[PDB]
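Asker: Below: the sequence, then the experimentally determined structure.
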Amino acid sequence: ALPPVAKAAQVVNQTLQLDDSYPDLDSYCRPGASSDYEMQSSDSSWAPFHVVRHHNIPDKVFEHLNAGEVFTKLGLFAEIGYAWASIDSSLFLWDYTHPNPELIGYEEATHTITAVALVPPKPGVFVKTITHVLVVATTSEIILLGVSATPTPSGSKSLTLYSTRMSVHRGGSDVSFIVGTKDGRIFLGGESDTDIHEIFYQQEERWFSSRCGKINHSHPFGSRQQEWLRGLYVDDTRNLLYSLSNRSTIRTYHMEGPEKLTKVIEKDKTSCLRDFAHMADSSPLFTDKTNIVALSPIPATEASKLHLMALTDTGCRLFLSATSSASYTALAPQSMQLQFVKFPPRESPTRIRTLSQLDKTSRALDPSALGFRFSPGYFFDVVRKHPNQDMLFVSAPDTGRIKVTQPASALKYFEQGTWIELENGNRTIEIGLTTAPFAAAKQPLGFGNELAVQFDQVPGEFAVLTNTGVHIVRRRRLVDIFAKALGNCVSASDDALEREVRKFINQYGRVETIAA
Amino acid sequence: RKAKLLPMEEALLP
């Protein structure tokens, strides 16, 4: 009754639905806590990440850096494969993928540069060939430059700069953090206070309005205690903006319009600690002495409830939900609550290979100085136990185990982890994604299915900027691990393969293993 | 080498 190709198409349709039923983040990070890790040696074929190459800082940048009179700073434009260095009032960009790069110098600025960022342009403003806007903040003003990052035959963007006549006086508030939205909105913050500013700009000059303006969205007044920002974070999928303060206060702002920004949540460390105390498992790794060192937004495509990850200096990952009071009038949330905690692993890095309760006391990630999360959960933590050498903890969801876990009530935040050692003197500065953002589906269910996209998009790669160079870290897929493991079985017995294969079956299941 | 800054005329339309 039903011919071959139609029968096989039925199998495809049911297989597509099976891959798109991969558990969403909310489902395996339910209220509670977890310490589930399988640690892998960095030199193992089972390593979830590994360093593929490194790019030294050009010698000319070292000449300028050591010629610094007062202030210097480094940063990453990982989206286009560029890095930058500021020396006092001078800025230098370069393509770090190029073996002998030329330095793009920009020295028009009159005062010390305090922040630099590469953001999308405002639509309908610039010629289509302008791909980005370069924001340069000094102690006196903020400067906008047009950017065209067109790809070259070699695979590294060609960068040319355009003047704009767009600039505004800074004012009294320091600018150390610049972030941009998908639509080209530019937000500013710094180390003077917790105020958030926005830069507006338009093509036409008017007699009653300049081409470029600046406004303070915080509208402060009266008595104000000392407090400033540690970072700004954007989530376009929810039209939200987050700030982290030096007191570990998390503020949430909603973009109710193309020119509006409204503060809708303010959650201090005490509130986080109160939520934590109401959880079943309390821990000495999170107290009133603990600092939150970084935030990472979680987009709505990845999870409905969990909006935000917060990293403590003890290495705890705090996952916070946010909820609106109502269901209709984007809808702004009005509450934020600490729901789930991923506690640190226990295994420390070792030169020699060393040999079920919730582990809520590990110090392996203490102190955590910098932290980053990328969908579907790739986690980088800069652990600074010693003041000269950084250790990099890198982990990923155990996609294979999460996909096979049954029933749904048994789902936990299983992870594969590893330690990547940086040489003595390497101080990590920034980590950015070099490939396209990960997404296996368009909604939380199916979103995190790494297995499904092994052959549709290249493995994620991450540029780790240090004070000596840029290191490229690459995510390894099942097929990469399987191929590497088999490569070690080439010189062994019939039973040597069967043993290695059984490791894969016990983690990924038989079908996924045979498919690899 | 100081980067050549092409003019605003090309940059913004129309």
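Answerer: Arrived safely, thanks for sending. Numbers count the residues shown, from 1 in each chain, chains lettered A, B, ... in the order given.
Asker: Helices of the stretch 1-150 of chain A, residue ranges please.
Answerer: All helices of the stretch 1-150 of chain A, identified by DSSP state H, counting those that start in this stretch, fall at A:4-19, A:25-28, A:59-66.
Asker: Distance-wise, check the residue of the stretch 201-350 of chain A found nearest chain B relative to residue A:129.
Answerer: In the stretch 201-350 of chain A, the residue found nearest to chain B is residue A:203; the distance is 4.7 Å by Cβ to the nearest Cβ. All C-beta spots, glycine's among them, are computed from the backbone N, C-alpha and C. Using Cβ to Cβ, to the nearest Å, residue A:203 is found at 15 Å from residue A:129.
Asker: So between the two, which is more surrounded?
Answerer: residue A:203 (16 against 12; other Cβ atoms under 10 Å in any protein chain shown).
Asker: what about residue 11, how many neighbours?
Answerer: Unless you meant another one, I'm taking chain A. 9.
Asker: Please refer instead to chain B.
Answerer: Neighbour number of residue B:11 under other Cβ under 10 Å is 25.
Asker: Now do the same contact list for it.
Answerer: Neighbour list for residue B:11: A:126, A:127, A:130, A:146, A:162, A:163, A:164 [criterion: Cβ atoms under 8 Å, 6 or more residues apart in numbering or on different chains].
Asker: can you count the residues close to the fifth one?
Answerer: Looking back up the chat, that one is residue A:162. Neighbour number of residue A:162 under other Cβ under 10 Å is 24.
Asker: Name the residues linked to the closest residue to it other than its chain neighbours by a beta bridge.
Answerer: In this structure, residue A:162 finds its nearest non-sequential neighbour in residue A:146, 3.3 Å apart by Cβ to Cβ, 6 or more residues apart in numbering or on different chains. For residue A:146, the beta-bridge partners are residue A:133, residue A:162 (DSSP bridges).
Asker: Surely residue A:146 is in contact with residue A:163?
Answerer: Yes - contact criterion Cβ atoms under 8 Å: residue A:146 and residue A:163 qualify, at 7.4 Å.
Asker: The two - which one has more neighbours?
Answerer: residue A:146 (26 against 17).
Asker: neighbouring strands for whichever strand or helix holds residue A:244, and are they parallel or not?
Answerer: Assigning secondary structure by DSSP states H and E places residue A:244 in strand A:240-245. If you go by DSSP bridges, strand A:240-245 pairs up with strand A:229-235 (antiparallel), strand A:250-254 (antiparallel).
Asker: Including mean neighbour count and distance to residue A:485, could those go into CSV?
Answerer: Below are the strands paired with strand A:240-245 laid out as CSV (neighbours: other Cβ atoms under 10 Å in any protein chain shown; distance: least, Cβ to Cβ, whole Å):
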stretch, mean neighbour count, distance to residue A:485
strand A:229-235, 19, 38
strand A:250-254, 23, 42
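Asker: Residue A:227: neighbouring residues, count only.
Answerer: 11.
Asker: that's a strand at it, yeah?
Answerer: No - assigned with DSSP: H, G, I helix; E, B strand; the rest coil, residue A:227 falls outside any strand and is coil.
Asker: Could you verify my assumption that it touches residue A:193?
Answerer: Yes - Residue A:227 is within contact range of residue A:193, at 7.1 Å (criterion: Cβ under 8 Å).
Asker: Now for residue A:418: which residues touch it?
Answerer: A:39, A:40, A:41, A:42, A:44, A:47, A:48, A:49, A:393, A:394, A:395.
Asker: Identify the residue spatially nearest to the fifth one, adjacent ones excluded.
Answerer: The one in question is residue A:44. residue A:418 (7.9 Å).
Asker: which residue ranges form the helices in chain B?
Answerer: B:8-11 (DSSP state H).
Asker: what does it put close to chain A?
Answerer: Within chain B, the positions near chain A by Cβ under 8 Å from any Cβ of the partner chain are B:1, B:2, B:3, B:4, B:5, B:6, B:7, B:8, B:10, B:11, B:12, B:13.
Asker: show me the residues around the third one that make contact.
Answerer: Right, residue B:3. Counted by Cβ under 8 Å, 6+ apart, residue B:3 has contacts A:104, A:105, A:106, A:160, A:161.
Asker: Hmm, the last one is touching residue B:5, no?
Answerer: Yes - the criterion here is Cβ under 8 Å, and residue A:161 meets it with residue B:5 at 5.4 Å.
Asker: Quick one: neighbours of residue 1, just the number.
Answerer: Here I'm looking at chain A. 4.
Asker: meant chain B, my bad for not saying
Answerer: 7.
Asker: need the contact list for it.
Answerer: A:102, A:103, A:105.
Asker: give me that answer again for 7 Å
Answerer: Listed by Cβ atoms under 7 Å, 6 or more residues apart in numbering or on different chains, the contact partners of residue B:1 are residue A:105.
Asker: Test my guess that residue A:312 contacts residue A:294.
Answerer: No - between residue A:312 and residue A:294 there is no contact under Cβ atoms under 7 Å: 9.3 Å.
Asker: residues near residue A:423, how many?
Answerer: Other residues close to residue A:423 by other Cβ under 10 Å number 10.
Asker: What sits closest to residue 2 if chain neighbours are left out?
Answerer: Unless you meant another one, I'm taking chain A. Nearest to residue A:2 is residue A:10, by Cβ to Cβ, 6+ apart, at 8.0 Å.
Asker: that answer is for a different chain, and I need it for chain B
Answerer: residue A:105 (5.2 Å).
Asker: which residues does that neighbour bridge with?
Answerer: residue A:92, residue B:2.
Asker: dump the residue contacts of it.
Answerer: Contacts of residue A:105 by Cβ under 7 Å, 6+ apart are A:92, B:1, B:2, B:3.
Asker: Phi, psi for residue A:127 please.
Answerer: Taking degrees, to the nearest 10, you get phi -60, psi 150 for the backbone angles of residue A:127.
Asker: and the gap between it and chain B?
Answerer: 6 Å (Cβ to the nearest Cβ, to the nearest Å).
Asker: and what of residue A:410?
Answerer: 57 Å.
Asker: ok, now residue A:448?
Answerer: Where chain B is concerned, residue A:448 sits at a distance of 40 Å (Cβ to the nearest Cβ).
Asker: residues near that residue, how many?
Answerer: Neighbour tally, residue A:448, other Cβ under 10 Å: 26.
Asker: quick one: it and residue A:376 touch, right?
Answerer: Yes - contact between residue A:448 and residue A:376 holds when scored by Cβ under 7 Å: they sit 3.6 Å apart.
Asker: so what's in contact with those two at the same time?
Answerer: residue A:397.
Asker: Kindly report the residues of chain A close to chain B.
Answerer: Proximity of chain A to chain B (Cβ under 7 Å from any Cβ of the partner chain) is limited to residues A:104-107, A:125-127, A:130, A:146, A:160-165, A:203.
Asker: change it to 8 Å
Answerer: A:102-108, A:124-127, A:130, A:145-146, A:160-165, A:203.
Asker: And the buried ones among those residues, selectable in ChimeraX?
Answerer: ChimeraX command restricting the residues of chain A next to chain B to the buried ones, with burial defined by 16 or more other Cβ atoms under 10 Å in any protein chain shown:
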select /A:103,104,105,106,125,126,130,145,146,160,161,162,163,164,203
